[PDB]
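Listed next as C-alpha cells is one chain, alone, in the form deposited in one PDB entry.
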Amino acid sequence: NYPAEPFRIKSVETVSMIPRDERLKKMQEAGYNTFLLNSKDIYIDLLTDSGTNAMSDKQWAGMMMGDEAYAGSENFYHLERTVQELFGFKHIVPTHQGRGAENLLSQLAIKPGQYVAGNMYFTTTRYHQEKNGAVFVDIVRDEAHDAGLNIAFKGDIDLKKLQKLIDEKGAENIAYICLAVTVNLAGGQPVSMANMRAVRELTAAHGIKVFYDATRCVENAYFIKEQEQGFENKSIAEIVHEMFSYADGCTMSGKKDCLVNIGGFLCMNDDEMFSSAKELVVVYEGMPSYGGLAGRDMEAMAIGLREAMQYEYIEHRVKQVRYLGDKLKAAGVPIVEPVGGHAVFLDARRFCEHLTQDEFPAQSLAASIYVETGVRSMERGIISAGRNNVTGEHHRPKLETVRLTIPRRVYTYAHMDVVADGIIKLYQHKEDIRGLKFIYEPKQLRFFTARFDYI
C-alpha cells in the first residue's frame, strides 16, 4: 500500500524542463560531477534531504511573525516549549543547524583521552568528537554492516559490544554513548525502543551519559510504530517522547525531520551542563535565545516539529521513499536493503560490475542518471571517501553507492516514477555506462569540486 499525499499543494517552485541533449551539455560543463550542477538546471534534486523540505502554509504564516529581537524573542519561547513538550528534555539551546549543536556538545562532554561509542557515525558528529580528544568506537550490531541483509531495526547497538568497551576501558573513561536515530551510514536504518531502553539501563548502572543524534528521530518513530510489537496503539508523539526519555540530551538538525530549510538545537537535562552550554553558544552561534537563527526560523522550526508528529505525514514520507525502493527492487536494480527512512542507495558496484572502483562507478552512474532524467543524486563512494594525503592512495569504501535522497513534501509519486523509470532503463543497458577519470582533483573536499571525463 502507498498512501496519497496527506496535504495538497499550496504553492509551486518553477523548474526549467530542459531536454536530454541540453542536460548532457550541462553535465559536461559540470565535469560529470553532479555536485557542480546549477540548481536552476535540475528538474528533481535528490542530492540531499537536508534543508530542502517544503514548509506548510502555517509555517509560512510563522515566517511573517519573526520577532527578530536579539534576546527574549517570542519565537524562542515558542520553540522552547515545543521541544520541551515533544522531546521532554528540561533545557534547550538553539543552533543554526545540527553540527553547531555537535560542536557545543563535544566541547562540553569530552575530556581528552576518553571514548565516545555509537551505532556507526556521521562525518560532522565524529569530527567534533575527535577534535575534542575522543576516540570513536563503533558498537552497532554486526548486521548493520551487511548492506544486503533485509532485517528490522538494523541500527540497533550491540549491547555486548557496549559491555565489552566498559570492561576494557572503564566507565570513567567513556565520555558518552552517541545513539543516532536513524543510522545514516547503514542507509537510514531505525533503532528499536527495546534497544534504546537497554542502552539507557546499562549506561545508567555505570553513570555513563547517552546523547542522541536525533536528526531523523521522527522517521525512526514511524518505524517503531509500524514494526515494533506493542507500539501499534501509540501515537508518533508518544513514541518520540518515550525515545528521548532514555537520553540525557540530544543534538538535532531541524533541517531533516523538523521540516525546515535551516535550524537545529541542543537539548539536555543537566542544569550544570545547560549553564555551560549557554556560556559556549555565544562563542560560535549566538544568544541562548536565538543561537544563530533568525526569529522567524525558530518559529518555522517550532511549527514544523509539531507538524512532523502527524501520523499520516510521516507514514507517507517513509512510504514514498519505500515506493521508490520497491519499484527499483522489482526491476532487479541493486539497492541497499532494507530501504531507509529518507533515501534509496543504489549499489553502483553491482550496477556497474564491468567497472573497477578506480573508474568511479558511483560518480559515473550519478552523471548518467542526471543526463537521462534531469534527476540529481549524490555520489557516496570512493570519490566522497577522499584520498589518504599521507600515502596518496584513495580511501576505498566497501559501499560504492549513489544516494537518491528525498526531501520532505517536495515531490510526488510521479516524480518517483521519473527517477525509477530512468534508472531501470539505464540498468537494462548498464554495460554501456563508461568509466570516469579525474581531470581536476582538489587537495581536499574533492567530491565538491572535482571534475572528470570519460575513460
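We call the rigid core whatever largest set of C-alpha positions still superposes within 1.5 Å between the two forms. Just count from 1 along the sequence shown to find any residue number.
Check: Do the CA atoms of 164-172 or those of 209-217 have the higher mean B-factor in the entry?
Finding: Going by the record's values, the stretch with the higher mean is 164-172.
Check: Should the higher mean CA B-factor in the entry be assigned to 286-294 or to 114-122?
Finding: It is 114-122.
Item checked: Out of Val339, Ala204, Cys267, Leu86, residue topping the C-alpha B-factor column of the entry -> By C-alpha B-factor in the record, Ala204 ranks first.
Margin query: For the CA B factor values reported in this entry, which option in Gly230, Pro190, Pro361, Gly98 has the top one?
Written below: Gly230 has the highest C-alpha B-factor of those listed.
Notebook entry, point to check: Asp57's Cα B-factor: lowest, middle or highest third of the chain?
Noted result: CA B-factor rank for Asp57: lowest third.
Item checked: Third assignment of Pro407 from its chain's C-alpha B-factors -> Tercile = lowest for this residue's CA B-factor.
Checklist line | For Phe153, the third of its chain into which the C-alpha B factor falls | finding: It falls in the top third of the chain.
Check: Among the chain's modelled residues, which third holds the C-alpha B-factor of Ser16?
Finding: Tercile = middle for this residue's CA B-factor.
Check: What third of its chain, lowest, middle or highest, does the C-alpha temperature factor of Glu393 fall into?
Finding: For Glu393, whose C-alpha B-factor we compare with every modelled residue in the chain, the answer is the highest third.
What follows is about the form deposited in another entry, which we do not show.
Next item on the list: Align on the core first; then indicate which of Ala385, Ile262, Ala294, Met273 has a CA shift of 2 angstroms or more between this form and the one not shown.
Entry: It is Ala385.
Next item on the list: Kindly check if the Cα atom of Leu399 is displaced 2 angstroms or more between this form and the one not shown relative to the superposed rigid core.
Entry: The answer is yes; the displacement is at least 2 Å.
Item checked: Closer or farther in the other form: C-alpha pair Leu436, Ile382 (3 angstroms or more) -> Residues separate in the other form, at least 3 Å farther apart.
Item checked: Outcome for the Cα pair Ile383, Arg126 in the other form, compared with this form (closer or farther; change of 3 Å or more) -> Nearer in the other form, by 3 Å or more.
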